[PDB]
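Some notes on the structure that comes next.
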Ligand SMILES: *C(=O)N1C[C@H](NOS(=O)(=O)O)CC[C@H]1C(N)=O
Ligand SMILES: [Cl-]
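In the numbering used here, the protein residues as written are 2 to 254.
Quick look at the structure:
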């Protein structure tokens, strides 16, 4: 029905296609959609090459796997936390087909895109719940639904083997575990509570062996990378922190 197909083309061009990605919300411009419209051998469709470009660019713009994260810190205002293990990436070919299908349906819509990674793009990467590790002030907070639920001085890694910055997360929890390391070569360390955040096996754990925790102590008594924590505190922390909670670690540019 050419009559019907042309009415289809009208509708399609007039669709309000809205994306919600990492918190930002926006509408795909009507001019971009009229561009993409096609009609060939009696079939209405969209120019895949062009739609795929658009979706590729969404990736370039928004992907938390390749774009750092602006973070409102506790002591320093808005800082930039670099990419880490807690991230996601838009799957270009899946999203391209999904977006075409949505648009050719010709009904107004909102979507967040198809991604692969630690969470989805339907919400901002960081929300009201997270662990903040301010490496400069050498101090750590656990925020839960907006409010600080616990805080403490810590000891980061020594300057030869420093704690890296990035948007990390608690990917596992383990009790009475025993960690392996290197110095001239092999060594060990038993720990009551262990929460890794990184793929090189950085993580947050208790320290019997650190007598005090604070400001300068890291320069001489620093760790191999991990975040040494008061044992009375670390227990109480492991108690309240769900697996999957993000951990933001940062120091001064
Ligand atoms: C964390 O950086 N690691 C885990 C483990 N514990 O470190 S600590 O005893 O210095 O606090 C061993 C070293 C290191 C690693 N390379 O896994
Ligand atoms: Cl991995």
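All C-beta atoms, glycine included, are put in the ideal place defined by N, C-alpha and C.
Cβ pair residue i, residue j closer than 7 Å
i           : j           : result
residue 137 : residue 252 : yes
residue 179 : residue 163 : no
residue 170 : residue 248 : yes
residue 184 : residue 207 : no
residue 106 : residue 241 : no
residue 115 : residue 92  : yes
Any non-hydrogen atom of ligand 2 closer than 6 Å to residue i Cβ
i           : result
residue 89  : no
residue 210 : no
residue 37  : no
residue 172 : no
residue 142 : no
residue 200 : yes
Residue i: CB within 6 Å of a non-hydrogen atom of ligand 1
i           : result
residue 1   : The requested residue 1 is not part of the displayed model; the chain covers only 2 to 254.
residue 203 : yes
residue 74  : no
residue 180 : yes
residue 167 : no
residue 124 : no
residue 157 : no
residue 223 : no
Euclidean distance between Cα positions of residue i and residue j
i           : j           : result
residue 52  : residue 37  : 7 Å
residue 227 : residue 237 : 18 Å
residue 1   : residue 27  : In the structure as shown, the chain begins at 2 and stops at 254. Residue 1 is therefore absent and cannot be evaluated.
residue 56  : residue 34  : 13 Å
residue 46  : residue 72  : 41 Å
residue 203 : residue 83  : 16 Å
residue 112 : residue 124 : 11 Å
residue 148 : residue 129 : 8 Å
residue 131 : residue 235 : 15 Å
residue 44  : residue 9   : 11 Å
residue 90  : residue 108 : 27 Å
Integer Cβ distance of residue i from residue j, believed to fall under 8 Å
i           : j           : result
residue 154 : residue 214 : 4 Å
residue 99  : residue 18  : The Cβ separation is near 11 Å, so there is no contact.
residue 127 : residue 70  : 6 Å
**Study point:** Stretch pair the stretch 59 to 68 + the stretch 9 to 16: three plus CB contacts closer than 8 Å
**Key:** no
Review point. Does the pairing of the stretch 211 to 227 with the stretch 148 to 165 give three or more beta-carbon distances under 8 Å?
Key: yes
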